[PDB]
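Q: Next up is a structure, given as structure tokens.
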Amino acid sequence: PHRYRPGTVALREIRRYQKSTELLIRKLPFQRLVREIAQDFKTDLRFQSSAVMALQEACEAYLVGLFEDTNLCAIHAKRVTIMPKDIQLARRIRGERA
Amino acid sequence: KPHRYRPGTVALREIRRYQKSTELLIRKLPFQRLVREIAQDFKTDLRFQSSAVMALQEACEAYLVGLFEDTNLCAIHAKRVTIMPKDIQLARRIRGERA
Amino acid sequence: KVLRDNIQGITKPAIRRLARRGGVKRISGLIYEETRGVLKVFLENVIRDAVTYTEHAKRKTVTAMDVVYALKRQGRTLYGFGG
Amino acid sequence: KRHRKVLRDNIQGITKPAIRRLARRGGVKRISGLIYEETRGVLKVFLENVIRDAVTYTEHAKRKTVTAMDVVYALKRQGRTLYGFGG
Amino acid sequence: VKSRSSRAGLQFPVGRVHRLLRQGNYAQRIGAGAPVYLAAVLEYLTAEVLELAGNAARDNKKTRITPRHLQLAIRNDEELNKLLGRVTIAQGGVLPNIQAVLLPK
Amino acid sequence: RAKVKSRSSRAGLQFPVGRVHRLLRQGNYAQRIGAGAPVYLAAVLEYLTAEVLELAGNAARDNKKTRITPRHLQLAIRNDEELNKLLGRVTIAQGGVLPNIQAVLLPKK
Amino acid sequence: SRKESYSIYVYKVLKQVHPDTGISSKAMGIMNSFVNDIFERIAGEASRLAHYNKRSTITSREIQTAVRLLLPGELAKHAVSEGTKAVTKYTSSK
Amino acid sequence: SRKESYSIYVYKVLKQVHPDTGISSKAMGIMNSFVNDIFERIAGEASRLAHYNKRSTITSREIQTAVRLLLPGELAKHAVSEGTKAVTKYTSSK
DNA sequence: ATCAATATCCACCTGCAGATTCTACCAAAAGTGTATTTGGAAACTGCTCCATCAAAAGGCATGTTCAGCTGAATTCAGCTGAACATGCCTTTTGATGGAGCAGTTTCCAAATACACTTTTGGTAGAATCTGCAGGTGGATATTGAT
DNA sequence: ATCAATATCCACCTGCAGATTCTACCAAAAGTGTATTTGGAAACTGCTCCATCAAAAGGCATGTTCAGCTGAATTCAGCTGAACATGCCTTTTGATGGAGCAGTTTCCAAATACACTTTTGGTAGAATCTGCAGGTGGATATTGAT
Ligand SMILES: [Cl-]
Ligand SMILES: [Cl-]
Ligand SMILES: [Cl-]
Ligand SMILES: [Cl-]
Ligand SMILES: [Cl-]
Ligand SMILES: [Mn+2]
Ligand SMILES: [Mn+2]
Ligand SMILES: [Mn+2]
Ligand SMILES: [Mn+2]
């Protein structure tokens, strides 16, 4: 059998998705998730098709951008692996949490 | 025959001293000159309300101090205990200030 | 025996294929849960502000403008949906 | 008819001990030697950007004195809203 | 003559608050409840930060509220933290806080 | 009797000076709107439209595609440094990120 | 000449919750800025609401959804409370 | 009935800066949101300018200071320019 | 574990600045009566948006193997903290001349308020096009063994 | 770095539906014309509030010495997470039917806008009070050395 050593598809994968522009969470898992989060605020809500992609767009953006910002924090600590410890530092500096 | 304290120990001692107070920490006339300089270099021949300088010095010290803890979190994140430029740049980059 | 909140419908590979667009070489196993947490907070308070917009307008359908006004409200201004 | 004296290089008046003092209040136990210049680096950008806006407020208003309001209006504009000076 | 502010059982000047809605050009027109409701919210809020602050005034063994106390108030109370996160309180100070790893041990 | 020249072309603009005026009156921005304000602004909006439009089209043809997608507009705005701040806290739908990998992550020889 | 403030009202509300506590002039200052800030945000957020809904007036309802939007959690909730019927006490007299 | 947009003006100016370049529908979408945002910021910042100085009207003079504050660097100045340039050309409406 | 060396706490004093109180003149609510729009309340559609519905596609979970990374542990050079002596410069205070707000008044230049006349900006069909969606086949990269 | 070999990329070509653009008419803006109203620019000018200035002092910065402990560097085991084939399933996709609602005209009652006229609450200096900052010296605690 022969193959690629750990980390290398990752780069191959990073360049692929940075190359693309497509949505990455899937639509109906999201939609389901969205309406659920919605119903819990006001019952009897329905949604514009457009208003859901609006939310996927905002989220995927937020999240991806959530880091480049920590990957910097993982790298800041002579590491190459992102850990929860890292995300929290990202959000704490941004001002999301303390 | 004579000594007092170990390294690091007054450091904390002053952290507690200044966190307890509210006084401005930059000196007044040095700040003002700098202000006047940056101003003059921006548009000549300006004057300033005593009021508007403190406005700036209060605002500044607030800004800088607030970054320092953000910095300190970055130093401690990297198993270090001393702040370095490497830290401040990470702080401002995440803040989004654009260093 | 798959009874599981749709937050977990945010499938694992898919959770972060994103991380790569985000520029990440490799990710901890804990990261996914922690992530699913942040995902949900983010869109919770957004839908909360979006919805009061839907509600102030005495409507029962959330429109993309409600989303947009709300994203802007949160300081996450989004172009391409009406403002 | 009395103009003086040139203001030049006043950034170094922000003394290392004072940079220290700000830093302690920020809760910092130990500081690299490079930190001080970097800081002065960051202070001066900050203070420029604010004073640039403060002053644009002063001139649009056709005054030749920067007032604290101008400062405040400018700080707020930066999203660093300051309480205790007129707004 | 009876003023609207006490007519609604408020300390805050409903009358003025109406007038101050005149220049934001917040809209063409101002409904008569708007200044009442709002002036109330302001009175409510000034009140709320005033107690939490006075507490810290009296923890500190002082009769008079300094901006300091107002800071201790705003920052230690967490819902008030958030409404005032991006605001700087002049002459305020920080909350006393040392990082765990920094303490000798 | 003297008839119509759109005020937008009296100012030599593509952007609708008239409309912008209507829009400033109806925004609650101040009690009165000077007659120069909407021209000036329309110019500024037309100018700014122009500026991101050329920088984007550049990146559009660079991508070997005939027209402009949101992709290109992103590549445009994020690669340009002066537009990056004007649009820093703004998110572009269907845009992507600029390709960017950290030095430290790459293979070694 | 003629500068006006909210400082009497703060002092009023100050004697209500801490009758034997007073307030420094620089602290009183800060309280004003607090009032004034809080004022536009609410008034502003209301302003664009009316505008999103193509209606020309700000009613108490706008001031409210405003409050709902901009205050966090429980002081948002004690506000609408303490607020919604500052307004009937007003509309129940005539 | 139908709403109104900036797409013709954008498409026009597009044909002028790149005669051989169209524009995708959602790219047109983005461009539309962009004008709008920028519109508000300027309009807002001027609105607030006008208001600090107790002046009742917004002139081109306010719109300019607005641009000065809110547009960055060199992009600020080609903006003040193309604006005062559009404005004199207008007042020469003979 | 004791003992010296500071430093931090903390209660009491006390004259002064900064707070609190008290009186008197004016801008600002409030009160009336008449003057104008609005935001529904009822009556009606178009259009999205929900609920199903059903074939297949790839996508996801799962389990296995190994690599490399992260976390720990040690050693060491050197950097940064604590202490001091030295001496500059900020801080204080108090005076003083003047530039420059700001407070008033006066009078255009400019904007708004209506009333009609044109013109354009935008729709819904009708007439053109290009990334794509996809099939190659030629190179670049990557990997394990020499 | 090269040799040979899976394994992945990447231009070169290409014909088509799904979009984009172009065409062909219609209310709704925008633009005019004539009529009024007004905000704020010029022109004094009263009066703060700024800019210097000086003197003396003592707080605080600077520069130097000395070592401790921090940051960084190497080594290394082990365990975590990447890589993949594998196999089953949730998601996609394509219309579709019908109720559900948003979108609007039309039409008045209620709510708010004007324009004055009293009437009163808020403000600005002057009149009293009186917290608390700063200076103490006495205690307790903390720190660091034997
Ligand atoms: Cl119709
Ligand atoms: Cl004494
Ligand atoms: Cl006094
Ligand atoms: Cl292709
Ligand atoms: Cl009174
Ligand atoms: Mn200079
Ligand atoms: Mn009466
Ligand atoms: Mn104008
Ligand atoms: Mn080739």
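Here, residue 1 is simply the first one shown, and the rest follow in order.
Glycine residues also receive a Cβ, built from the backbone N, Cα and C atoms like all the rest.
According to Swiss-Prot, the protein has these features:
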MOD_RES   B:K1  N6-methyllysine
MOD_RES   B:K28  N6-(2-hydroxyisobutyryl)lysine
MOD_RES   B:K28  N6-methyllysine
MOD_RES   B:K43  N6-succinyllysine
MOD_RES   B:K43  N6-glutaryllysine
MOD_RES   B:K43  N6,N6-dimethyllysine
MOD_RES   B:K43  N6-(beta-hydroxybutyryl)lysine
MOD_RES   B:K43  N6-lactoyllysine
MOD_RES   B:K43  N6-(2-hydroxyisobutyryl)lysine
MOD_RES   B:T44  phosphothreonine
MOD_RES   B:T71  phosphothreonine
MOD_RES   B:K79  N6-acetyllysine
Q: Per DSSP, to which secondary structure element type does B:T71 (phosphothreonine) belong, with helix, strand and coil as the options?
A: helix
Q: Helix, strand or coil for B:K28 (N6-(2-hydroxyisobutyryl)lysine)? Use DSSP.
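A: Assignment for B:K28 (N6-(2-hydroxyisobutyryl)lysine) reads helix.
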Q: Of the modified residues listed here (B:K28, B:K43, B:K79), which is spatially closest to B:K1 (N6-methyllysine) when Cα positions are compared?
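A: Nearest candidate: B:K79.
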Q: Among the modified residues B:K1, B:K28, B:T44, B:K79, state which ones have a Cβ less than 8 Å from a Cβ of chain A, giving them in sequence order; state 'none' otherwise.
A: B:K79
Q: Quick check on the modified residues: of B:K1, B:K28, B:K79, whose CB has the lowest count of neighbouring CB atoms inside 10 Å?
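A: Taking B:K1, B:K28, B:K79 as the modified residues, the minimal 10 Å Cβ count falls on B:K1.
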Q: Just to be sure I understand the packing, how many Cβ atoms besides its own are within 10 Å of the Cβ of B:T44 (phosphothreonine)?
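A: B:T44 (phosphothreonine): 8 neighbouring Cβ atoms within 10 Å.
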Q: In whole Å, how far is B:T71 (phosphothreonine) from B:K79 (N6-acetyllysine) when you measure between their Cα atoms?
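A: B:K79 (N6-acetyllysine) and B:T71 (phosphothreonine) have their Cα atoms 13 Å apart.
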Q: For B:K43 (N6-succinyllysine), what is the tally of other C-beta atoms lying within 10 angstroms of its C-beta?
A: 15
Q: Across all the protein chains here, work out how many other Cβ atoms are within 10 Å of the Cβ of B:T71 (phosphothreonine).
A: 31
Q: Using C-alpha atoms only, work out the spacing between B:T44 (phosphothreonine) and B:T71 (phosphothreonine) and round it to an integer in Å.
A: 36
Q: To the nearest Å, how far is the Cα of B:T71 (phosphothreonine) from the Cα of B:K43 (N6-succinyllysine)?
A: 33
Q: What is the interatomic distance between the Cα atoms of B:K28 (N6-(2-hydroxyisobutyryl)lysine) and B:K43 (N6-succinyllysine), given in whole Å?
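A: Cα of B:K28 (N6-(2-hydroxyisobutyryl)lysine) to Cα of B:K43 (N6-succinyllysine) measures 22 Å after rounding.
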